[PDB]
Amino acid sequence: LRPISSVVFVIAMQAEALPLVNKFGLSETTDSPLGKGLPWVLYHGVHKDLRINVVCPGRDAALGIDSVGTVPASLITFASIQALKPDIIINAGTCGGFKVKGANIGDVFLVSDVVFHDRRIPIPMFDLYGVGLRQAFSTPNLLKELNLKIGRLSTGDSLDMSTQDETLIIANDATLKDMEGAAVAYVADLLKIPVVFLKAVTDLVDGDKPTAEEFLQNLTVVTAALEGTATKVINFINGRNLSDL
């Protein structure tokens, strides 16, 4: 194949995006290419062989906080692909992890495949549609060379975990829990773009700390770990085609 020339990072919270924006001295896009009047934020730059763009759903017009979850993440994935036609999408962010699955706080995981835990449609074949099992782009050399942990990602639009959520997450044998990944995959799949995930563990879903409190306390230190790893992924991707990883 031809060498990868353009990467787009999809990142749900600006705080998680910014250390990576610094590292590569990307600059904030000023011309609203994805749509006038949208709250979306885009940073762009060029690094050795690669165009680097990073897109965030930005702050909610009315409530002023990051617009997390499946819908905005899906919209910015769609709009950034149509506008920039990248070779690869990278969905990078924080997540819950399971101790029992070997997750530890600060671990930055590669994702093998992804599902949803909150799309329950008890009609045959709609049930499978709602789970939405999709494989990440095969990156074995990146996996091997960066020495990343890998596991299944389970997505839903809640930060806590209901009984039914827990039932499906366990049944799907997920290691990791988030609010955007499976939706990013859905759009990447829809538009035929290779997708890879970097999910940095901020809290242990099966541990003894409350989720909300642990996620918030560990956000800054884990974001920094995420930046470190994203930086190495960008450097590894540079000059490769998709077969090389």
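Heads up: residue numbers just count along the shown sequence, starting at 1. In this text, the rigid core denotes the largest set of C-alpha atoms whose superposition between the two forms falls within 1.5 Å.
Once the structures in 4 other deposited structures of this protein are superposed via the core, the pair 217-225 and 17-25 is resolved in favour of 217-225 as the more displaced stretch (C-alpha RMS). Larger average C-alpha displacement in 4 other deposited structures of this protein, relative to the shown form after a rigid core fit, is seen for 61-69 when comparing 32-40 with 61-69. Of the two segments, 71-79 and 143-151, the one listed with the higher mean B-factor is 143-151 (C-alpha atoms only). Once the C-alpha B-factors are averaged per stretch, 213-221 and 29-37 rank with 213-221 first.
Comparing C-alpha B-factors across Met179, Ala62, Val55, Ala185 in the deposited entry, the largest value falls on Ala62.
Among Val201, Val195, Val46, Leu198, the highest C-alpha B-factor recorded in the PDB entry belongs to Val46. For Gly156, the recorded CA B-factor ranks within the lowest third of the chain. Only modelled residues enter the ranking. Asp87: CA B factor lies in the highest third for its chain, per the PDB record. Sorting the modelled residues of the chain by their CA temperature factor places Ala17 in the highest third. Compared with the other modelled residues of the chain, the Cα B-factor recorded for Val100 ranks in the highest third.
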